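Below you will find one chain, with nothing else, as structure tokens; this is the form deposited in one PDB entry, and questions on how it binds or moves follow later.
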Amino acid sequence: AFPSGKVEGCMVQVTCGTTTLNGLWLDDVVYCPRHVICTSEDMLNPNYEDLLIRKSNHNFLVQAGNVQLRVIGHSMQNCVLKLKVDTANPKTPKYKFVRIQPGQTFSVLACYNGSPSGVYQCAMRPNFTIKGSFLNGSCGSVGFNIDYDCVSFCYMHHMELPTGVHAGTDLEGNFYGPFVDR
């Protein structure tokens, strides 16, 4: 597994309504699964576009440690929510977003409400799922490779599937495989 120190300093907690999950804090932007803006009665046929319009900035509670990061904008890029905040993360590492394939390994920093609890070497199965240990709250954990001193973020966990396997996106919000957040 890759050492996790660069990524630990980016992990945050995002809460919307009933829902709380992990966010990734880079520069003045927090990335997290967009389904954070759903109460899961919305989870049957969500209109994310109508949902995101209905939210205002104070609807989003972002905390890194016991600092609040004030959200000053919210946009959506495919399936990831992008919260603009009023401060840039002074611990932002050199980073890039990359898309990978099943079979290629990466490390995942499992967190429970912005709090890191393990780092694990994973790969997606050919059907783009991943079998590990991440329940409610570990939603939003990200995966990465470290190449020299640059963190290539390649994965964000979004959902546990009925089979127990997990589905996720890349950091541009595009799901790996045919999965949907519905």
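Residues that one form lacks are left out of the comparison. Between two forms, the rigid core is the largest collection of C-alphas that superpose within 1.5 Å. So that there is no doubt, residue numbering starts at 1 and follows the sequence shown.
As for the form deposited with a small molecule bound, it is not shown, yet the points below apply to it.
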Contact assignment for the small molecule in the deposited bound form, among 61, 123, 135, 67, heavy atom within 4.5 Å: 135
Using a 4.5 Å cut on heavy atoms, which of 130, 151, 154, 139 is close to the small molecule in the deposited bound form? 139
Although the small molecule is absent from this view, report whether residue 43 comes within 4.5 Å of it in the deposited bound form, heavy atoms only. yes
Residue 18 versus the small molecule, in the deposited bound form: is there a non-hydrogen atom within 4.5 Å? yes
Hey, in the deposited bound form, is residue 170 touching the small molecule, heavy atoms inside 4.5 Å? no
Report the residue, chosen from 61, 43, 67, 52, for which the CA moves 2 Å or more between this form and the one not shown after the rigid core is overlaid. 43
Moving stretches between this form and the one not shown on a rigid-core fit: which runs of at least three residues all have C-alpha shifts of 2 Å or more? 43-45
